[PDB]
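In: Opening piece of the complex, as it sits:
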Amino acid sequence: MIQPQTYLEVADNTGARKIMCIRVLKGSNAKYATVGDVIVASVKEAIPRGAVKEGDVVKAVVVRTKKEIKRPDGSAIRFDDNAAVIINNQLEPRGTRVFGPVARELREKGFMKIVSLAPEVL
Amino acid sequence: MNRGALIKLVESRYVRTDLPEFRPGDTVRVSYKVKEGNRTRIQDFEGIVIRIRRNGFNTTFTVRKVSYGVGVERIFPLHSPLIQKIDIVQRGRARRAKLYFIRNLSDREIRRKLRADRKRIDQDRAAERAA
C-alpha cells in the first residue's frame, strides 16, 4: 500500500537511499501501489556521486511492502520496510544489483532482471 | 440442522493430520510448494512462529525471519495442500500467545526473551525412540 507522500527504501545501488512516491502509475486514479506496480517518485536522500542525485524525479518498481501481500494460495507475505528498485522507461533496473529479498509477485509482472538480481525471491 | 457440523463436514475432506504440533515461540521450517515459470519446486521458509490464529480448519500461523537484513513474515494456512512438510528446528518458551513484540527486539534480546523450552525439547527426544 504505497501512495503519494510514502517514503520507500531503495533496494539498489543507483545511489538513491530514499524516495518519496508522487504518483502511482496504474490508470488515472489508482489509490495505492503494491508490489510489482510502478511509481513516479522524488529522490529525497542519496549518497554522493551516485547515478541519481537528490531532487531527481525517477521511476521505480515496488519490490517490498510493509502492508502484507495476499496470494491466491491463501498465504501472505509482509516485510519490515517499503522498498523499490529504480527503473528506466523500459522497466529495467538502473542499478547493477538489488539488496534484500523481493516479492515473487515481480516475476509474473515482467521484472525478470530485478528478480534474478535479488538475493532471494520470497 | 447443525450448521457447524455441516461446515466441519465440508472441511473434513481438506484436513491435514500429518503436521507436527508447535507453539508461538518455536523455530520452525516450512517446506512450501512454489511455482516458477512452468515448473514447481520446494522452497524452505524457516523462522519463529509468532502467532497461531485458531479457527479449526481455518487455522493459520505466522512465521517471522530476518532475510538478508530485512524482516519478513509469512502467514500460512495450517492445512494448506501447498505445505510439503513442517520441521521443528527448535522449541522456545514464550509467556504469551502473540509474539508481535519481537518485531522491535534485537537478536540478543529475542534470544534472551525466548529461552529454550527444555520440557518440550526433552519430550521431543523421548519420542523419536521407535519400537
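Out: Thanks, I have the structure now. Residues are numbered from 1 along each chain as shown, chains lettered A, B, ... in the order given.
In: switch to C-alpha atoms for all contacts and neighbour counts from now on
Out: OK.
In: For the closest residue to residue A:39 other than its chain neighbours, what are phi and psi?
Out: In space, and not counting its chain neighbours, residue A:39 is closest to residue A:24: 4.6 Å by C-alpha to C-alpha, 6 or more residues apart in numbering or on different chains. Residue A:24 adopts backbone torsions of phi -100, psi 120, taken as degrees, to the nearest 10.
In: burial of residue A:24, as a residue count?
Out: Other residues near residue A:24 come to 24 when the count uses other C-alpha atoms under 10 Å in any protein chain shown.
In: State the distance from it to chain B.
Out: Taking C-alpha to the nearest C-alpha, to the nearest Å as the measure, residue A:24 falls 24 Å from chain B.
In: And for residue A:52?
Out: For residue A:52, the distance to chain B - C-alpha to the nearest C-alpha - is 24 Å.
In: Touching, that residue and residue A:16? I think so.
Out: Yes: the criterion here is C-alpha atoms under 8 Å, and residue A:52 meets it with residue A:16 at 6.1 Å.
In: higher neighbour count, those two?
Out: When neighbours are counted by other C-alpha under 10 Å, residue A:16 comes out ahead of the other of residue A:52 and residue A:16, with 25 against 22.
In: which residues does the closest residue to the more buried one other than its chain neighbours contact?
Out: Using C-alpha to C-alpha, 6+ apart and skipping the chain neighbours, the partner closest in space to residue A:16 is residue A:46 (4.1 Å). Contacts for residue A:46 (C-alpha atoms under 8 Å, 6 or more residues apart in numbering or on different chains) come out as A:15, A:16, A:17, A:18, A:52, A:53, A:54.
In: okay, now chain C:
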Amino acid sequence: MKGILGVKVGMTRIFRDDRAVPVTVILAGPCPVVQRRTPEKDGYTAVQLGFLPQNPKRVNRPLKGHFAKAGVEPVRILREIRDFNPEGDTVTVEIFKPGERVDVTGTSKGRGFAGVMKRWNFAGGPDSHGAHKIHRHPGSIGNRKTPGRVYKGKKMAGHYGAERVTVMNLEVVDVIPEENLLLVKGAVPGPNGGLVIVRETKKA
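Out: Okay, here's chain C dropped in alongside the others:
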C-alpha cells in the same frame, strides 16, 4: 429456468488446484413442488416449492388444505421459481453441477436506522478545522428558491438492509448430494440461517 430454495449455513474456503477459494455453504434441498402455475390457469409458468419440514401443530387449516391437495407433508416456506417446470415432484441440489453459474437471492442484513455515511457512503464533514456538530451530516440537500424543494429519491438517512438482494453469476464450486449441500464461490446476502434462493444465472 431451474431454481431451488435453501438456507445459508456458513462460509469457508476449500483448496482447488493449489488455490484457496472462498465459499458459502448452502443447504438447498430437498424441495417438494406443492403447486404448479400454468399459462391456462395462472397466466404464467412457475413452480411453488416447499422447504423445510414443519410441525403440523403450527399449521392452520387453510395451509393444510393447500398441502393436502398436493401429495405433501407440511412445510415452513413456500416459494415460486419463475419459468421452471421440473419433471419430478422434488427438486434437489442434483439440479446443479460443479462449474455452473448461479444467481443467489437473499435478505441482506438489517442495519436499522442508518446514517448518510453508512447508507450512502457520503463523506460527512471534517473532524476539526472548525467543523461544528456536522461530522456525519449530509450537508446541503438542495438549491434555493428555484426549485424550492427537494428531489424525490434524495439520498438521506433511513432504514437500510433487511431487503431483497440478488448477487449474480456465482460459481458452483461443488455440490454434495448426500447432505443436500451446495458450495458457491464467494459471498451470499444475509445471515447464517438466512433463507436464500439459488437459480441458474441470467448472465451469458
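In: back to the neighbour count of residue A:24, now that we've got chain C?
Out: Neighbours of residue A:24 using other C-alpha under 10 Å come to 24.
In: Phi, psi for the residue in chain B that chain C sits nearest to please.
Out: In chain B, the residue that lies nearest chain C is residue B:3 (5.4 Å; C-alpha to the nearest C-alpha). Geometry field for residue B:3 lists phi and psi as phi -60, psi -40, criterion degrees, to the nearest 10.
In: Check residue B:130 too.
Out: Dihedral pair for residue B:130: phi -90, psi 140, per degrees, to the nearest 10.
In: Repeat that for residue A:114.
Out: Dihedral angles (degrees, to the nearest 10) for residue A:114: phi -60, psi -40.
In: residues near residue C:5, how many?
Out: Using other C-alpha under 10 Å: residue C:5 sits among 29 other residues.
In: before we move on, back to that, show the contacting residues for the residue of chain B closest to chain C.
Out: Contacts for residue B:3 (C-alpha under 8 Å, 6+ apart) come out as C:9, C:10.
In: same thing but at 10 Å, please
Out: B:9, C:7, C:8, C:9, C:10, C:25, C:26, C:27, C:192, C:193 (C-alpha atoms under 10 Å, 6 or more residues apart in numbering or on different chains).
In: Can you give me the distance of it to residue C:142?
Out: Distance of residue B:3 to residue C:142, given as C-alpha to C-alpha, to the nearest Å: 49 Å.
In: Kindly report the same for residue B:105.
Out: Distance from residue B:105 to residue C:142, by C-alpha to C-alpha: 57 Å.
In: Let me know the secondary structure of residue 26.
Out: Looking at chain A here, since you left the chain open. coil (DSSP: H, G, I helix; E, B strand; the rest coil).
In: hm, I was asking about chain C
Out: Relying on three-state DSSP, one would call residue C:26 strand.
In: Let's add chain D too:
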Amino acid sequence: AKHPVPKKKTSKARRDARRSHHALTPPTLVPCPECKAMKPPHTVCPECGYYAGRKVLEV
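Out: Just below you will find chain D, in place on the chains above:
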C-alpha cells in the same frame, strides 16, 4: 441553527387530528383461577398471592 418557529397557529382541527393516536388502551386482564380477581396475565395475583396454581406471596 437559526431558531425555527411555527409559521402559523395550529388550527383546532389540525391539533385534534394530531391527537387521533393518543387514546389509551385499557389494561389487559384475566381472571385469577384461584380467587377469580382480575389481574394482568403472567403476573402473580396480588389479591391471593397464587401463581401457577401454587402459593407464592403472603397477602
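In: ok chain D is in now, so what about the contacts of residue B:3?
Out: B:9, C:7, C:8, C:9, C:10, C:25, C:26, C:27, C:192, C:193.
In: if you set the cut-off to 6 Å instead, what comes out?
Out: residue C:9 (C-alpha atoms under 6 Å, 6 or more residues apart in numbering or on different chains).
In: Residue D:55 - how many residues pack around it?
Out: Using other C-alpha under 10 Å: residue D:55 sits among 13 other residues.
In: ditto for residue C:78
Out: Residue C:78: 17 neighbours (other C-alpha under 10 Å).
In: Nearest residue to it in space, please, no chain neighbours.
Out: residue C:50 (4.7 Å).
In: Can you tell me the closest non-neighbouring residue to residue B:85?
Out: residue B:31 (5.2 Å).
In: Buried ones in the biggest strand by length in chain B, by neighbour count?
Out: Taking DSSP state E as the criterion, chain B has its longest strand at strand B:39-53. For strand B:39-53, burial by neighbour count (16 or more other C-alpha atoms under 10 Å in any protein chain shown) applies to B:43, B:44, B:45, B:46, B:47, B:48, B:49, B:50, B:51, B:52.
In: Looks like the fifth one contacts residue B:66 (just checking).
Out: Pointing back at residue B:47 there. No: with contact defined as C-alpha atoms under 6 Å, residue B:47 does not reach residue B:66; the gap is 7.9 Å.
In: Now the phi/psi pair for the residue nearest the centre of chain C, please.
Out: Nearest residue to the geometric centre of chain C (C-alpha atoms, centre = their mean): residue C:106, 1.3 Å. When read as degrees, to the nearest 10, the backbone of residue C:106 gives phi -150, psi 180.
In: what about residue B:37, how many residues close to it?
Out: Residue B:37: 7 neighbours (other C-alpha under 10 Å).
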